[PDB]
């Protein structure tokens, strides 16, 4: 009943063109084959360096709600079916990663074939993942390399960091000696990562590893000699072009408070790489910043074309 076309006429508004979105945010013709009950492997959004066994708890359009086997439902989270952060059963073994066992297990007694029988569940077929385990690694980024990275919750802190994982075309950025929670997955064009020695050439302060002795005198050359690690090569950094979203353009975005919902949205403000989302009909107190390449923002029509409910403006 509610329609974008009429809303646009009603508001004299324009939608953010599909061309401003990454292909993965815009694609609507892919089928979602995940079914309730299927089991798979995936990273913990709150500990992106760790892999757990997850179960499909809900399917809605091109999205799915995953549940941490043996854990409380509080931990449940939503992803798109084309998410690069989930993998078919057996992935951790083929790629050399470690798999945390269900709450109640120990790795020494985990095996898919048998956890599957014990649960009488089926594993999500591997073609079902837009990805798999073929993708060539990101050029010039290898586990162990070091670089400088922005701490996304401490946007003005550019810290000493390291590449701790590499999956397909992305890598995991870790802040030396800090909590694994601040870690995040990147690709070579991320605007949050810089070549070793960037802060110095910019006159910006650089935050050294936690408890690093005599912090005031942290010296990169000393640090990598100490660690015997290599700096990610300068040529590997291919930072991306600023997005072209303009204020007032409309789109669809997942609700941050109730992730199961997606609402009509507008671009309230912009930066080179981020856009401030405003949910039509709600208080601006809910407005939030989000990277332009975030998987949870989509062009008008995405919910309709994928079979997902769309929450119209608040009234």
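Residue numbers count along the first chain shown, from 1.
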item	value
Selected stretch [higher average CA B-factor]: 10-18 or 293-301	10-18
Stretch with the greater mean C-alpha B-factor as recorded in the entry, comparing 306-314 against 1-9	1-9
From 192, 78, 245, 112, residue of greatest CA B-factor	112
Highest-ranked of 152, 87, 174, 146 once sorted by CA temperature factor in the record	152
Residue 133 - which third its CA temperature factor falls in, relative to the rest of the chain	highest
For residue 227, the third of its chain into which the C-alpha B factor falls	middle
Residue 163 by Cα B-factor - lowest, middle or highest third of the modelled chain	lowest
Third of the chain's Cα B-factor distribution that residue 47 belongs to, per the entry	middle
Modelled-residue ranking by C-alpha temperature factor, third containing residue 234	middle
